[PDB]
Amino acid sequence: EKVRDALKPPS
Amino acid sequence: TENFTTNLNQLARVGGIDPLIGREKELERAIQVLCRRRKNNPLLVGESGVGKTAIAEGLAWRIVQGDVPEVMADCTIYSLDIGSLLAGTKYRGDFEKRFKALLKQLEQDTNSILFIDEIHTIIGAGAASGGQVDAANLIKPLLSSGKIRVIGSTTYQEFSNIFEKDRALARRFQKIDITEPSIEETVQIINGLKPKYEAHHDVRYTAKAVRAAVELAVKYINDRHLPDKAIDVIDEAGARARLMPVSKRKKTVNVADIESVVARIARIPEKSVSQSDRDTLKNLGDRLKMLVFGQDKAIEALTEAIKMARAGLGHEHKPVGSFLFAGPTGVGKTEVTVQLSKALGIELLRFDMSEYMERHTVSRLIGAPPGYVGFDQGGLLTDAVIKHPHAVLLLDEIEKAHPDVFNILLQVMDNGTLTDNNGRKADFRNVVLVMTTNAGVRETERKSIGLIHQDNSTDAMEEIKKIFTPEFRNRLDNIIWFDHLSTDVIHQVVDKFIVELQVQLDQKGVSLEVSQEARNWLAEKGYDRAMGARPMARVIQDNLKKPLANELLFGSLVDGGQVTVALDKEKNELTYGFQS
Amino acid sequence: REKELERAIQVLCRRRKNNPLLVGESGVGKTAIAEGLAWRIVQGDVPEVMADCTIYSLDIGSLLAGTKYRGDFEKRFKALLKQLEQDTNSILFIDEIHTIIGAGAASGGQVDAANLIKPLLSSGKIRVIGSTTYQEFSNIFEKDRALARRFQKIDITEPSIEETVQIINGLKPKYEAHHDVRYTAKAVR
Ligand SMILES: Nc1ncnc2c1ncn2[C@@H]1O[C@H](COP(=O)(O)OP(=O)(O)OP(O)(O)=S)[C@@H](O)[C@H]1O
Ligand SMILES: Nc1ncnc2c1ncn2[C@@H]1O[C@H](COP(=O)(O)OP(=O)(O)OP(O)(O)=S)[C@@H](O)[C@H]1O
Ligand SMILES: Nc1ncnc2c1ncn2[C@@H]1O[C@H](COP(=O)(O)OP(=O)(O)O)[C@@H](O)[C@H]1O
Ligand SMILES: [Mg+2]
Ligand SMILES: [Mg+2]
Ligand SMILES: [Mg+2]
């Protein structure tokens, strides 16, 4: 469906 | 952000948007709504092709020329693209950023106006995994506040079923109902747009051609509104001329070209019939007579009714014809109809009314059975007519059908249109409706128990009156009573059946030549008045086909033919001679 | 199929609503007529105006697949329009166009492929050669009167016996090479 994903940047 | 919103006022300068003609009252209300201190968001609600997108864009066009009030002057109009707004918004907060950024510039300008075409798409534009955060909930506080002005556009189907479900968003907007313009107004619109269409196709449209396109579209083109209907015929007519060979190319679009375009769009015969089709009508009656012997009155009714339709003398609100071919068996009630379609080269819509004996199955002609969730909905008779507007509609054995079927044909024979359950409308103005029944054959045949034989052949009509309601019979063009076949007619029928047999034999290579005297014998042996001409087929089958069957499979008749059929006067029997 | 094609060239040469729809029954050459228009261009059997034109066959199944996001479908679909908008001669052949009316990607929303191409089809930016059946044309298509307006139906009727034998003779080399057989002239009839 239409799902929002929150990315994580590398430290 | 400019990728999402296209400045319509810029397009007006270069001519991107076509000019808006008239709509003084529709546009005026929009200005009043926009001027409003509160809820200054007009909504253009109307059917497709009524200028909903030409008003919002036309307003921008009028601004550049200075044909608007001073207040509306110096105000730009932006067209939103939902597709670009929702492009690559995978991460949380991307959509909100793009939408809020747009609203911020609108509030700052204080003279900008947003145009959202097909506004029913903002209800769930940004919803994710059942989320209720959407453009509608975000824009809502900015419309109620009155900071920004938004112009919408949506069809009645979409507005009532999608946009008006959110009672809050709709409250903010102000529905401006747009009604399709009259025929007089439409021609003025075409004149305004004619320079653009003329330039694109390098053609000139005569004033008569414009009036004809509008008048002819309404008369024939159905299910489409007038502004689009006329512009469709005009644009298509220009293309037809531009791409035809340079030799014989005609820059001007005469009124005759318009008629040809409307005919193809509606799949009907064109007005001002050509010489080629004139020959067909001249010999249409004489061709059917060759195939069908006797009952010339029936052929005269069908051909004359067709001529009126092709000559412009039609009813204009009824089909080409409605004839109830009531007659005895084997008199050619169905053969004439099947040959008519071949003579005219038009689809034959054959409905056997023997199946529609009860009401549950009568609802298949205008709708689907209850609970049929299958997408293959629609009526069998409405869909068929839509596919082939020019055709022959044959309802064989109409008496057997439930009386409720006569109620369905009333509008067909009087108003010329039948509506499907979904609301689609079929046009019967070009279909030749023909019904075949044997209602009065037995009544006239019936013998009288009396010293003096009764004056029969009158009661047949009285029986027809009982079976068919008076309203149904009044709409009918003519009730043709097919007479019984005579001896002379039967002789011609034997020839007609021999020719068909010859064609079958020709495929196998056999050649058959029946003596003229032998043909008379076959006619006399099988001639029956009550049974029409069908017994002639049986004598042809018993006397000729049965002996040849054994010989074709095995014997001299495998190939080469050379048959010589004749009778013996002494024995009153046939003599078959085969010599390969 | 020159009578049907000629009508399609007329529609494709229009200022606005230049999107011919090849409505017909099943098996009557709806797809071949559109793909045939490309074959004719390569050989130069089409008018000058139609020359230097490319026909792109959209695959809604491949396009919709793999989105798994709010804007993946819109991003890829809008990009396609930019390609067709920049190239005036580009034509898009959306077979089984009835599908776009139904929500292609949207769920509980109305941001579909149909509602996205309507603005472009109205202004004549891009041409679209649709193909759909009569059953689908009535019950799936024509339910959105807006989209139906953009498309000009072109009824495709079943061919005659004589017309089809010519077709088989034309396609006979393709099947002959595949099966290494020679079809007799009498056999096809
Ligand atoms: N008053 C008018 N002046 C000029 N063109 C008009 C006018 N009214 C309608 N049109 C034509 O209408 C077409 C534009 O579409 P509209 O009639 O605005 O409907 P629409 O907004 O596309 O409808 P949908 O598809 O149902 S949202 C173009 O052919 C315009 O030229
Ligand atoms: N007047 C006629 N002229 C020539 N052939 C006829 C005539 N009447 C009947 N026939 C033959 O009758 C055959 C079969 O009967 P039909 O003509 O279809 O019957 P009908 O007139 O429809 O009456 P019903 O339906 O049997 S009560 C046709 O194929 C014709 O060959
Ligand atoms: N004029 C023609 N030339 C070549 N092939 C044709 C022609 N008309 C029909 N066909 C054949 O018809 C078929 C096309 O079927 P199609 O209409 O696409 O089916 P569907 O309606 O089920 O999608 C192919 O086998 C194609 O070769
Ligand atoms: Mg519109
Ligand atoms: Mg009959
Ligand atoms: Mg196909």
# chains A, B, ... in the order shown; residues from 1 in each chain; ligands from 1
$ residues_near_ligand --ligand "ligand 4" --cutoff "10 Å" --atoms "only C-alpha atoms and all ligand atoms" --output "JSON, numbers by chain"
{"B": [44, 46, 47, 48, 49, 50, 51, 52, 53, 54, 55, 56, 116, 117, 118, 152, 153, 154, 155], "C": [118, 119, 122, 123, 146, 147]}
$ residues_near_ligand --ligand "ligand 2" --cutoff "10 Å" --atoms "only C-alpha atoms and all ligand atoms" --output "PyMOL selection string"
chain B and resi 288-296+325-338+396-397+436-439+441+482-486+489-490+492-497+500+531-537
$ write_last_selection --atoms "C-alpha atoms" --output "short mmCIF file (atom, residue, chain, number, x, y, z; two decimals), in the first residue's frame"
data_model
loop_
_atom_site.label_atom_id
_atom_site.label_comp_id
_atom_site.auth_asym_id
_atom_site.auth_seq_id
_atom_site.Cartn_x
_atom_site.Cartn_y
_atom_site.Cartn_z
CA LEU B 288 -36.10 -8.53 -51.94
CA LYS B 289 -38.89 -9.58 -54.31
CA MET B 290 -36.43 -11.89 -56.06
CA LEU B 291 -35.55 -13.59 -52.77
CA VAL B 292 -39.08 -13.41 -51.31
CA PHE B 293 -42.01 -14.13 -53.62
CA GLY B 294 -45.34 -12.58 -52.73
CA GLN B 295 -46.29 -10.39 -49.80
CA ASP B 296 -45.04 -7.35 -51.71
CA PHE B 325 -45.66 -8.88 -39.34
CA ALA B 326 -48.65 -10.96 -38.27
CA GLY B 327 -49.27 -13.89 -40.57
CA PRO B 328 -49.56 -17.65 -41.08
CA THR B 329 -46.66 -20.08 -41.12
CA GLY B 330 -44.16 -20.16 -43.98
CA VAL B 331 -45.32 -16.88 -45.53
CA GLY B 332 -41.94 -15.14 -45.25
CA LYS B 333 -42.33 -13.13 -42.05
CA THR B 334 -38.72 -13.74 -40.98
CA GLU B 335 -37.07 -14.32 -44.37
CA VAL B 336 -37.78 -10.76 -45.53
CA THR B 337 -36.15 -9.39 -42.38
CA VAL B 338 -33.05 -11.56 -42.70
CA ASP B 396 -39.59 -13.18 -33.40
CA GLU B 397 -42.68 -14.66 -31.75
CA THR B 436 -43.38 -11.56 -36.19
CA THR B 437 -46.38 -13.37 -34.70
CA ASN B 438 -49.03 -15.96 -35.58
CA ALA B 439 -51.75 -14.53 -33.34
CA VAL B 441 -53.74 -17.73 -38.01
CA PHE B 482 -49.15 -11.63 -44.63
CA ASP B 483 -51.34 -13.53 -47.08
CA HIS B 484 -51.15 -17.21 -47.95
CA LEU B 485 -48.90 -18.46 -50.73
CA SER B 486 -50.58 -19.28 -54.03
CA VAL B 489 -45.82 -18.26 -55.89
CA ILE B 490 -44.86 -21.82 -54.94
CA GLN B 492 -40.95 -19.48 -57.79
CA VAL B 493 -40.15 -20.91 -54.35
CA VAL B 494 -39.10 -24.24 -55.88
CA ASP B 495 -36.67 -22.35 -58.10
CA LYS B 496 -35.33 -20.51 -55.05
CA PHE B 497 -34.76 -23.81 -53.24
CA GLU B 500 -29.57 -23.08 -53.00
CA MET B 531 -48.02 -24.95 -44.13
CA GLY B 532 -46.74 -22.17 -46.41
CA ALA B 533 -43.57 -22.89 -48.37
CA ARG B 534 -41.76 -25.07 -45.82
CA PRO B 535 -43.14 -28.36 -47.27
CA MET B 536 -41.42 -27.49 -50.55
CA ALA B 537 -38.13 -27.85 -48.70
#
$ residues_around --residues "residue 300 (chain B)" --least-positions-apart "5" --cutoff "10 Å" --atoms "only C-alpha atoms" --output "PyMOL selection string"
chain B and resi 284-286+295+305-306
$ interface_residues --of "chain B" --to "chain C" --cutoff "7 Å" --atoms "only C-alpha atoms" --output "PyMOL selection string"
chain B and resi 48+83-84+86-90+121+123-125+128+197+200+235-236+239-240+375-377
$ write_last_selection --atoms "N, CA, C and O atoms" --output "compact mmCIF listing (two decimals), in the first residue's frame"
# COMPACT_ATOMS: atom_id res chain seq x y z
N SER B 48 -19.29 16.97 -17.72
CA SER B 48 -18.09 17.05 -18.54
C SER B 48 -18.35 17.79 -19.85
O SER B 48 -19.36 17.58 -20.52
N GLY B 83 -0.03 15.11 -9.24
CA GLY B 83 0.95 14.08 -9.54
C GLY B 83 2.37 14.49 -9.19
O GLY B 83 3.13 13.70 -8.62
N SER B 84 2.74 15.72 -9.51
CA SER B 84 4.08 16.19 -9.19
C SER B 84 4.23 16.43 -7.70
O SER B 84 5.31 16.25 -7.13
N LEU B 86 2.90 14.71 -5.26
CA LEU B 86 3.06 13.43 -4.58
C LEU B 86 4.17 12.58 -5.17
O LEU B 86 4.20 11.37 -4.93
N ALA B 87 5.08 13.17 -5.94
CA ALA B 87 6.17 12.43 -6.54
C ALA B 87 7.34 12.31 -5.57
O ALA B 87 7.83 13.32 -5.06
N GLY B 88 7.80 11.08 -5.35
CA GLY B 88 8.92 10.82 -4.47
C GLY B 88 8.77 11.36 -3.06
O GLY B 88 9.70 11.99 -2.53
N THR B 89 7.61 11.13 -2.46
CA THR B 89 7.31 11.56 -1.10
C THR B 89 7.39 10.40 -0.10
O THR B 89 6.78 10.49 0.97
N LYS B 90 8.08 9.32 -0.47
CA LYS B 90 8.23 8.12 0.36
C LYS B 90 8.49 8.40 1.83
O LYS B 90 7.85 7.81 2.71
N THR B 121 -9.46 14.57 -5.93
CA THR B 121 -8.27 13.78 -5.64
C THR B 121 -7.51 14.21 -4.40
O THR B 121 -6.60 13.49 -3.97
N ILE B 123 -8.76 14.43 -1.37
CA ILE B 123 -9.35 13.86 -0.16
C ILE B 123 -8.36 12.94 0.54
O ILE B 123 -8.19 13.01 1.76
N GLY B 124 -7.69 12.08 -0.22
CA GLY B 124 -6.74 11.12 0.33
C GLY B 124 -5.41 11.16 -0.39
O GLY B 124 -4.77 10.13 -0.59
N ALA B 125 -5.00 12.36 -0.80
CA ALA B 125 -3.76 12.51 -1.55
C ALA B 125 -2.54 12.08 -0.73
O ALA B 125 -1.69 11.33 -1.22
N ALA B 128 -1.44 7.86 4.39
CA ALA B 128 -0.49 6.75 4.40
C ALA B 128 -0.88 5.76 5.48
O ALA B 128 -1.03 6.13 6.65
N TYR B 197 -8.45 26.66 -34.39
CA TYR B 197 -8.58 25.39 -35.09
C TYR B 197 -8.31 25.55 -36.57
O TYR B 197 -7.79 24.63 -37.22
N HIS B 200 -4.39 25.63 -37.00
CA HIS B 200 -3.76 24.33 -36.82
C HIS B 200 -3.91 23.45 -38.05
O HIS B 200 -2.95 22.78 -38.46
N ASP B 235 -13.08 19.86 -34.98
CA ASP B 235 -11.68 19.45 -34.99
C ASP B 235 -11.47 18.24 -35.89
O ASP B 235 -10.51 18.20 -36.67
N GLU B 236 -12.35 17.25 -35.79
CA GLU B 236 -12.20 16.05 -36.61
C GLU B 236 -12.37 16.38 -38.09
O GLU B 236 -11.67 15.81 -38.94
N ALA B 239 -9.12 17.76 -39.53
CA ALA B 239 -8.08 16.75 -39.73
C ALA B 239 -8.33 15.95 -40.99
O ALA B 239 -7.39 15.67 -41.75
N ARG B 240 -9.58 15.54 -41.20
CA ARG B 240 -9.96 14.79 -42.40
C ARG B 240 -9.51 15.50 -43.67
O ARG B 240 -9.04 14.86 -44.62
N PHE B 375 -18.76 -7.78 -13.50
CA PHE B 375 -18.63 -6.55 -14.27
C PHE B 375 -19.32 -6.61 -15.62
O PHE B 375 -19.50 -5.56 -16.24
N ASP B 376 -19.73 -7.79 -16.10
CA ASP B 376 -20.41 -7.91 -17.38
C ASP B 376 -21.90 -7.61 -17.22
O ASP B 376 -22.77 -8.46 -17.42
N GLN B 377 -22.19 -6.37 -16.84
CA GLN B 377 -23.55 -5.90 -16.64
C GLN B 377 -24.08 -5.33 -17.95
O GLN B 377 -23.46 -5.48 -19.01
$ residues_near_ligand --ligand "ligand 3" --cutoff "7 Å" --atoms "only C-alpha atoms and all ligand atoms" --output "PDB file with C-alpha atoms, in the first residue's frame"
ATOM      1  CA  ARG C   1      -7.151  -2.228 -42.139  1.00  0.00           C
ATOM      2  CA  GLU C  25     -14.861  -7.341 -29.608  1.00  0.00           C
ATOM      3  CA  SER C  26     -12.236  -9.902 -28.553  1.00  0.00           C
ATOM      4  CA  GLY C  27      -9.971 -11.246 -31.283  1.00  0.00           C
ATOM      5  CA  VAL C  28     -10.819  -8.713 -34.009  1.00  0.00           C
ATOM      6  CA  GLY C  29      -7.350  -7.150 -34.276  1.00  0.00           C
ATOM      7  CA  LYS C  30      -7.535  -4.359 -31.701  1.00  0.00           C
ATOM      8  CA  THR C  31      -3.909  -4.714 -30.614  1.00  0.00           C
ATOM      9  CA  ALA C  32      -2.602  -5.460 -34.119  1.00  0.00           C
ATOM     10  CA  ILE C  33      -4.115  -2.233 -35.482  1.00  0.00           C
ATOM     11  CA  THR C 133     -13.297  -4.551 -25.417  1.00  0.00           C
ATOM     12  CA  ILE C 167      -4.567 -11.837 -43.581  1.00  0.00           C
ATOM     13  CA  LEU C 171       1.015 -13.946 -41.697  1.00  0.00           C
TER      14      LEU C 171
END
$ residues_around --residues "region 37-45 of chain C" --least-positions-apart "5" --cutoff "9 Å" --atoms "only C-alpha atoms" --output "PyMOL selection string"
chain C and resi 5+32+50-55
$ atom_distance --atom1 "CA of residue 1 (chain B)" --atom2 "CA of residue 126 (chain C)"
23.6 Å
